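Here is the structure we will look at.
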Amino acid sequence: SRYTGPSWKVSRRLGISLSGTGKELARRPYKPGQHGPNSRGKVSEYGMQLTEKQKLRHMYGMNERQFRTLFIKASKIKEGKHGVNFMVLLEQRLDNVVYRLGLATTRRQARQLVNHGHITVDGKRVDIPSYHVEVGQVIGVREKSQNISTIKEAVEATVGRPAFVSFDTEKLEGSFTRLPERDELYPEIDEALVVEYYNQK
Amino acid sequence: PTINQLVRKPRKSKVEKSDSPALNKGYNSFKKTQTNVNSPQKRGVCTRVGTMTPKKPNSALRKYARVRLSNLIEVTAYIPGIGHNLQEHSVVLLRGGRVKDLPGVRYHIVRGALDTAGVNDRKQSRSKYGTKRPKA
Amino acid sequence: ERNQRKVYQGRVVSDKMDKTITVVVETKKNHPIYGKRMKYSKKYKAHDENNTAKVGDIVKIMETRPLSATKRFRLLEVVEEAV
Amino acid sequence: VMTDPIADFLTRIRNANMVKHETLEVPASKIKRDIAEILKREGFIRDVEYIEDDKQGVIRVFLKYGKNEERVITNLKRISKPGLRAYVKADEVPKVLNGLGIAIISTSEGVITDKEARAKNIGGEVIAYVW
Amino acid sequence: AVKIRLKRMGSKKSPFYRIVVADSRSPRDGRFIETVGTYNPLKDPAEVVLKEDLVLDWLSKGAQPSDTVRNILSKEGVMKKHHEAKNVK
Amino acid sequence: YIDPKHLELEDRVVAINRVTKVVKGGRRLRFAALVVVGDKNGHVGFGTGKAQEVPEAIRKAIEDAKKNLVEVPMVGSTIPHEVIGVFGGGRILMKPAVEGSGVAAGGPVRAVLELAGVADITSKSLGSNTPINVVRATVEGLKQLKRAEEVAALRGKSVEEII
RNA sequence: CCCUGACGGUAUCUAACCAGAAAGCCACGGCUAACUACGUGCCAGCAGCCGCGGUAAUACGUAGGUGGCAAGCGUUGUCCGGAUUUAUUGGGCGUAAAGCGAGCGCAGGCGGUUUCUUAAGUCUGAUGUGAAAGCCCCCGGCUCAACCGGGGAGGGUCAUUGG
RNA sequence: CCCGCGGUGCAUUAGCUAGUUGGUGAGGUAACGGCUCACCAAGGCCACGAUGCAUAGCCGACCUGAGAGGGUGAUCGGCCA
């Protein structure tokens, strides 16, 4: 499964945008349902760690088993911290590479582009979105049929291109220069609440 | 203790026991009854039916049965939900779970698994109570 | 004969049988759970060509091959005699 | 009857330390003199003087206190006991209090500190922790 | 009847083989004496690794190859060396 | 000494308690509050006070909590060594941890530990779990932490000679 | 030189057409994330432990909404953890459970200071062995991953010989 | 084939052995040996748990635990019956 629901209730429940600052929390910044505008008392310190974890899980649209295995894998580095290495491994998945490069507006669109077989790493096609893109691998746009309507238009309007992403808008090749850093990556949510959430799992 | 007392006579811990002991059974067919074969459920035939009144301070008439099991030891078992169809000599299935209404009952029958039938109004937790999904 | 057998040491304990003596070899070994060292004993039977050695002697023995239902050792030498 | 003179020495030091006065005397022994020298080298004791008349003893210890009369040894513990002995291997030498305290170990080449033993790579009987 | 034979180590339809010296009564995937090289039927020019200083020692003691092991031991020039050591001295 | 209350301090409620006193006729009820206070930089105090309503109670407690404060040394977001704090049936063990591991600590002790700026530490309560005595035992155990400089000063040595 | 495929026209690759065929289970009084209506009235029923139900029930039964997971979701049974609740690591015996009513003593356990010696315990070096597959570390192949392969470490209370 | 060491409950199970323990010779087996014979003697094992009763194929390994530990011996490999 992935998810198909209204995708905007989700942001109103975390209190974070999740869609490139394009405002879902413009009107009614409160939660969904009857008891939306009428908030109530405090939230535990279990609700806080759960809310941080859900923020990160819904950012990149993955499921709970895969999230937890990625977290367990990031723990075997021991070079740096354990939340930084996590949120950095999270960025190296082929879906974020298409999002950051700029071939798609959303992450759902980028996911459908990499699922339906329209992109290639090093020339060879790769079809599965949880792929692990390493540093220095020019991912391309299937030079067979790169004349599609939405890819073309979403290359023009560059809302955000980062300081670790390289790209050329003629051959349509991009790559990571090097690994990013927390200052360059959502210094807003957390990586410590999420680490504590998995201590008693 | 001194460690010499410990070496003369070691430490011994307490022994734990189930609360569903009639679910580790053995046959009574050829020789005798064997205890290795932990089961999640057992089946049986109900030798009576009816009602009984709870402890202090509850108040009701709670439905129950008495059942003889394949290994030939007898126990009473609660029948849950609203409304059943169980009569003398109908074959049923038991799971663990103890009711806090009266003593002597340590099992539940499972609805919709043999002669017993699922309850016929439910809409909200039909996976218990054994109700199938209605088009409504 | 470049391969070698096992020799031991002990104090003789019984000398009633003809040509056979029981030797107790003693050692200390530890406890598996707790730490301290307990002493441990096992008895061996050894062969005597002429019924020489007596109790309290401190002997050495060596491993041979089955010489009876129970005896597997022979008498090497007497190190220190009792009086 | 007395069965552990090293423990008796250690408890004299701790008892006279907690009441915070500045002298102490014990009957002498070759091992207690060793650990009195080790206690003097690191900075817990101020001095040690050796009188001896007609029996074993004696050994006089001069404790040491801070600038505001606070204590430089804070506790002291006997590890190997007659009744359960504790032997340690060259890679098992302990580090008491993250290096801020010392351990005392008897090896085939002296009664030495725990630094001097993990620099020589040997082990032995563990006498005490003093932190 | 010591042998030099192949031993299957793939998954289901991607086989791999270890070259092994075994008593002939043993099961194909059971006990053996030691392992001597490797062999890969995929990988279009098939891959052989082998020590070839234990093959020459087992061969001179009476071990015997199977039919495929002899083919891949002659493609490596091990049978010629056996030839030049035995019937030449 | 007195760390004087003139800083940027983020308080926290740790417990509240409905407490009665039976009198002629019926029953009286107050509210007791337990509060911690700190700046997440190495200064932490606890304090309690009671009043007839919850806001008044928590206020009097922060009043009390600020009168006491402890220094809490550390060597790079991690406590210098291992301590055991005991106060009346509450026993709490604390260990130095690994860089970026977090705080694995129970309810009362984690409030104390987080408001002093501790980042990586492991704990365990081998005792009772009454909030007041847990807080008091935890503060009792921080007071045993020794700086590396002070030890080198008390003895006749230098640092890098004992570490 | 020449000669052989059960799987099997299998995997796979190319062309056209169509958003059309493909979402459910548990929970929402406190522990523990997620609340309002109506029905019923210590009844019918619910519960892992506290405990709910006698006219305005967020605890029963439905509807609307919300939370957790998702081709699965809950329930029962069995084992380790939390349990320092058999405590070597790591607990206790005045009043909470717990000093035999007291002595005398065989076996056992533990023992003051010191010189020389020994090497049983203790410490240490070298050699042999502790299969293969597993857990772990590095590298590589299946579009990725499960999975598959190559090279290593680890694991003895082990043996022999020298300090 | 022989040997050292290691892995279970019960003392509301303390005595067990008469080819039994040792010697001389004879037969017998691939082979040493009470292995089996005739004679001679009175030995052997046990509180460091003999004997009896109950339960169980053993190991590489597998699950859980911070560790020390605790619980299992299904797929796959080794030994046994």
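Following the order of the structure tokens, first chain is A, next is B, and so on, with residues numbered from 1 inside each chain and ligands from 1 in the order they appear.
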
(Q) Residues near residue 20 in chain C, anyone? I mean within 9 Å using only C-alpha atoms (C1' of nucleotides), not counting same-chain ones fewer than 5 positions away, as a ChimeraX atom specification. (A) /C:14-15,45-49,51,71 /H:22

Just the selected residues (C-alpha atoms (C1' of nucleotides)), exported as a PDB file, in the first residue's frame, please.
```pdb
ATOM      1  CA  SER C  14      44.218 -49.267  49.878  1.00  0.00           C
ATOM      2  CA  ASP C  15      46.644 -52.176  49.616  1.00  0.00           C
ATOM      3  CA  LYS C  45      43.894 -48.352  40.317  1.00  0.00           C
ATOM      4  CA  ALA C  46      47.479 -49.222  39.457  1.00  0.00           C
ATOM      5  CA  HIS C  47      49.468 -52.418  39.019  1.00  0.00           C
ATOM      6  CA  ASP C  48      52.134 -53.707  41.410  1.00  0.00           C
ATOM      7  CA  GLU C  49      54.604 -56.373  40.259  1.00  0.00           C
ATOM      8  CA  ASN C  51      52.921 -55.683  46.279  1.00  0.00           C
ATOM      9  CA  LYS C  71      42.761 -51.091  36.440  1.00  0.00           C
TER      10      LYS C  71
ATOM     11  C1'   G H  22      42.122 -58.949  42.662  1.00  0.00           C
TER      12        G H  22
END
```

Which residues of chain F sit at most 10 Å from chain A, using only C-alpha atoms? Give each one's shortest atom pair and distance in Å (one decimal place), in chain and ascending residue order, as a tab-separated table.
```
residue	atom	partner	partner_atom	distance
F:98	CA	A:81	CA	9.4
F:99	CA	A:81	CA	6.7
F:100	CA	A:81	CA	5.0
F:101	CA	A:82	CA	7.4
F:102	CA	A:196	CA	6.8
F:103	CA	A:196	CA	7.7
F:104	CA	A:199	CA	7.4
F:107	CA	A:45	CA	9.9
F:119	CA	A:192	CA	9.6
```

Q: Step one, run DSSP on the backbone; step two, keep only residues of range 75-146 of chain A assigned to strand (DSSP E); then write them as a PyMOL selection string.
A: chain A and resi 120-121+124-125+139-140

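Every protein or nucleic acid residue with an atom no more than 7 Å from range 13-16 of chain E, counting only C-alpha atoms (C1' of nucleotides) and leaving out same-chain residues fewer than 6 positions away, appears here: residues 39, 40 and 41 of chain E.
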
Save out the residues we just selected, N, CA, C and O atoms, as a compact mmCIF listing (two decimals), in the first residue's frame.
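File produced: again_38.txt:
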```txt
# COMPACT_ATOMS: atom_id res chain seq x y z
N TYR E 39 33.53 -23.16 -8.80
CA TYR E 39 33.13 -23.25 -10.20
C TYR E 39 31.74 -22.68 -10.40
O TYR E 39 30.82 -22.96 -9.63
N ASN E 40 31.58 -21.88 -11.46
CA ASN E 40 30.36 -21.10 -11.69
C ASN E 40 29.81 -21.34 -13.08
O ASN E 40 30.32 -20.78 -14.06
N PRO E 41 28.74 -22.14 -13.22
CA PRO E 41 28.21 -22.45 -14.55
C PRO E 41 27.60 -21.27 -15.30
O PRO E 41 27.53 -21.32 -16.53
```

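All residues of protein, DNA or RNA that reach within 10 Å of residue 42 in chain F, judged by only C-alpha atoms (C1' of nucleotides) and not counting those fewer than 2 positions away in the chain, are residues 38, 39, 40, 44, 69, 70, 71, 72, 73, 74, 77, 113, 114, 115, 116, 117 and 118 of chain F.
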
Q: Please measure the separation of CA of residue 108 in chain F and CA of residue 58 in chain F, giving the value in Å to one decimal.
A: 16.4 Å

**Q.** Distance query residue 4 in chain H at most 12 Å, only C-alpha atoms (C1' of nucleotides), self and fewer than 3 positions along chain excluded, as a VMD selection string
**A.** (chain C and resid 5 to 8 42 63) or (chain G and resid 158 to 159)

Q. What are the residues of chain F that have an atom within 7 Å of an atom of chain D, counting only C-alpha atoms, as JSON, numbers by chain?
A. {"F": [81, 82, 154, 155, 156, 162, 163]}

(Q) Give me the residues near residue 68 in chain H as JSON, numbers by chain, where near means some atom within 12 Å (using only C-alpha atoms (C1' of nucleotides)) and where sequence neighbours in that chain fewer than 6 positions away do not count. (A) {"C": [32, 33, 34], "G": [88, 89, 90]}

Generate a file of the selected residues that holds N, CA and C atoms (P, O5', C5', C4', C3', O3' and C1' of nucleotides), formatted as a PDB file, in the first residue's frame.
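Result saved to out00.pdb:
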```pdb
ATOM      1  N   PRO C  32      30.935 -23.224  39.166  1.00  0.00           N
ATOM      2  CA  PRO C  32      30.495 -22.533  37.945  1.00  0.00           C
ATOM      3  C   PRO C  32      29.753 -21.224  38.185  1.00  0.00           C
ATOM      4  N   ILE C  33      28.831 -21.159  39.147  1.00  0.00           N
ATOM      5  CA  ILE C  33      28.109 -19.911  39.392  1.00  0.00           C
ATOM      6  C   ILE C  33      28.920 -18.985  40.289  1.00  0.00           C
ATOM      7  N   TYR C  34      29.200 -19.427  41.505  1.00  0.00           N
ATOM      8  CA  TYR C  34      29.991 -18.653  42.438  1.00  0.00           C
ATOM      9  C   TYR C  34      31.466 -18.875  42.152  1.00  0.00           C
TER      10      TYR C  34
ATOM     11  P     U G  88      23.675 -13.795  45.096  1.00  0.00           P
ATOM     12  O5'   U G  88      25.038 -13.998  44.317  1.00  0.00           O
ATOM     13  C5'   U G  88      26.289 -13.923  44.979  1.00  0.00           C
ATOM     14  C4'   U G  88      27.422 -13.676  44.010  1.00  0.00           C
ATOM     15  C3'   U G  88      27.410 -12.337  43.297  1.00  0.00           C
ATOM     16  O3'   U G  88      28.006 -11.328  44.085  1.00  0.00           O
ATOM     17  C1'   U G  88      27.859 -14.075  41.748  1.00  0.00           C
ATOM     18  P     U G  89      27.307  -9.908  44.273  1.00  0.00           P
ATOM     19  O5'   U G  89      27.295  -9.269  42.823  1.00  0.00           O
ATOM     20  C5'   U G  89      28.497  -8.888  42.181  1.00  0.00           C
ATOM     21  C4'   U G  89      28.279  -8.606  40.716  1.00  0.00           C
ATOM     22  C3'   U G  89      27.193  -7.606  40.371  1.00  0.00           C
ATOM     23  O3'   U G  89      27.617  -6.267  40.518  1.00  0.00           O
ATOM     24  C1'   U G  89      27.038  -9.485  38.946  1.00  0.00           C
ATOM     25  P     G G  90      26.677  -5.161  41.194  1.00  0.00           P
ATOM     26  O5'   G G  90      25.733  -5.959  42.202  1.00  0.00           O
ATOM     27  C5'   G G  90      25.020  -5.273  43.229  1.00  0.00           C
ATOM     28  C4'   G G  90      23.856  -6.065  43.767  1.00  0.00           C
ATOM     29  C3'   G G  90      24.179  -7.452  44.293  1.00  0.00           C
ATOM     30  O3'   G G  90      23.252  -7.774  45.330  1.00  0.00           O
ATOM     31  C1'   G G  90      22.672  -7.639  42.499  1.00  0.00           C
TER      32        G G  90
END
```

(Q) When you look at residue 95 in chain B with a cut-off of 6 Å (counting only C-alpha atoms (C1' of nucleotides)), what residues show up, excluding the ones that are within fewer than 5 positions of it in the same chain? I need them as a PyMOL selection string. (A) (chain B and resi 41+107-108) or (chain G and resi 76)

Using only C-alpha atoms (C1' of nucleotides), I'd like a table of the residues in chain G that come within 9 Å of chain E; for each, show the closest atom pair and its distance in Å rounded to one decimal, ordered by chain and ascending number, as JSON lines.
```
{"residue": "G:132", "atom": "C1'", "partner": "E:31", "partner_atom": "CA", "distance": 8.2}
{"residue": "G:147", "atom": "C1'", "partner": "E:11", "partner_atom": "CA", "distance": 7.8}
{"residue": "G:148", "atom": "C1'", "partner": "E:11", "partner_atom": "CA", "distance": 6.7}
{"residue": "G:149", "atom": "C1'", "partner": "E:16", "partner_atom": "CA", "distance": 8.3}
```

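Ranking C:31, C:36, C:2, C:19 by their shortest atom-to-atom distance to chain H, with only C-alpha atoms (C1' of nucleotides) included, puts C:19 first.
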
Counting only C-alpha atoms, give me one row per residue of chain B with an atom at most 10 Å from an atom of chain C, showing the shortest contact pair and its distance in Å to one decimal, sorted by chain then residue number, as a tab-separated table.
```
residue	atom	partner	partner_atom	distance
B:3	CA	C:34	CA	7.2
B:4	CA	C:36	CA	8.4
B:6	CA	C:34	CA	8.1
B:7	CA	C:34	CA	7.2
B:10	CA	C:33	CA	9.4
```

Create the file for the chosen residues now, containing N, CA, C and O atoms and written as a JSON list (two decimals), in the first residue's frame.
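Output file again_15.json is given in full below:
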```
[["chain", "number", "residue", "atom", "x", "y", "z"],
["B", 3, "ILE", "N", 29.13, -16.92, 50.82],
["B", 3, "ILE", "CA", 29.16, -17.68, 49.57],
["B", 3, "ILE", "C", 29.48, -19.14, 49.82],
["B", 3, "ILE", "O", 29.34, -19.95, 48.90],
["B", 4, "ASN", "N", 29.86, -19.52, 51.03],
["B", 4, "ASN", "CA", 30.03, -20.92, 51.35],
["B", 4, "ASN", "C", 28.68, -21.59, 51.60],
["B", 4, "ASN", "O", 28.46, -22.73, 51.18],
["B", 6, "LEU", "N", 25.97, -20.62, 50.13],
["B", 6, "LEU", "CA", 25.41, -20.72, 48.79],
["B", 6, "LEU", "C", 25.95, -21.93, 48.05],
["B", 6, "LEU", "O", 25.22, -22.61, 47.32],
["B", 7, "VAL", "N", 27.24, -22.19, 48.20],
["B", 7, "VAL", "CA", 27.86, -23.34, 47.54],
["B", 7, "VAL", "C", 27.38, -24.65, 48.15],
["B", 7, "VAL", "O", 27.22, -25.65, 47.44],
["B", 10, "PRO", "N", 22.29, -24.27, 46.87],
["B", 10, "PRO", "CA", 22.12, -23.14, 45.94],
["B", 10, "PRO", "C", 20.79, -22.41, 46.07],
["B", 10, "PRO", "O", 20.00, -22.67, 46.98]]
```

Q: Can you check which residues of chain E DSSP gives as alpha helix (DSSP H) on the backbone and send them as a list in words?
A: residues 55, 56, 57, 58, 59, 67, 68, 69, 70, 71, 72, 73, 74, 78, 79, 80, 81, 82, 83, 84, 85 and 86 of chain E

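The closest residue to residue 97 in chain A, picked from A:132, A:125, A:73, A:65 and counting only C-alpha atoms, is A:132.
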
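All of the residues in chain A within 9 Å of chain G are residues 1, 32, 33, 34, 35, 46, 47, 50, 51, 63, 64, 124, 125, 126, 127, 128, 129, 130, 131 and 132 of chain A, where only C-alpha atoms (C1' of nucleotides) were counted.
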
Preceding selection exported with C-alpha atoms as a CSV table (one decimal), in the first residue's frame:
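Saved as out20.csv:
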```csv
chain,number,residue,atom,x,y,z
A,1,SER,CA,0.0,0.0,0.0
A,32,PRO,CA,-9.8,17.9,11.2
A,33,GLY,CA,-13.2,16.6,12.5
A,34,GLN,CA,-15.9,18.1,14.7
A,35,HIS,CA,-13.5,19.0,17.5
A,46,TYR,CA,4.2,10.2,24.4
A,47,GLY,CA,2.1,12.3,22.1
A,50,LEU,CA,4.7,10.1,18.4
A,51,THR,CA,3.9,13.3,16.6
A,63,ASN,CA,5.3,2.5,5.7
A,64,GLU,CA,6.2,1.6,9.3
A,124,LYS,CA,20.1,1.6,-17.0
A,125,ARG,CA,16.5,1.9,-16.0
A,126,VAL,CA,15.5,1.5,-12.4
A,127,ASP,CA,11.8,1.1,-11.5
A,128,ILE,CA,11.5,0.8,-7.7
A,129,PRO,CA,11.2,4.0,-5.6
A,130,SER,CA,13.0,2.8,-2.4
A,131,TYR,CA,16.3,2.5,-4.4
A,132,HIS,CA,19.4,3.9,-2.7
```

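Minimum atom-to-atom distances from G:20, G:8, G:156, G:92 to chain B were compared using only C-alpha atoms (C1' of nucleotides), and the lowest value belongs to G:92.
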